[PDB]
Amino acid sequence: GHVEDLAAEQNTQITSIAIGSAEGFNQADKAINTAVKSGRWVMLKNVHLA
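2535 is the number of the first residue of the sequence shown in the deposited numbering; add one for each residue after it.
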């Protein structure tokens, strides 16, 4: 919530993404690939299960 409201105040939309699901790894991979060339904030939630 802290970084969520921080991004909201900064008015920069973010991609909150889970990690637990099997699709989550691929989703985060493409999110990183598409954000490093655009300047967006990728957010991965509870990334400790992998």
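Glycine included, every Cβ here is placed at the ideal spot set by N, Cα and C.
Could you check if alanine 2556 is buried or exposed, using at least 16 other CB atoms within 10 Å of its CB as the buried criterion?
exposed
Which of the three DSSP states is assigned to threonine 2568 in this structure?
helix
Could you tell me which residues DSSP puts in a beta bridge with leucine 2578?
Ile2551
Expressed to the nearest angstrom, what Euclidean distance is found between the alpha-carbon atoms of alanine 2565 and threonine 2549?
8 Å
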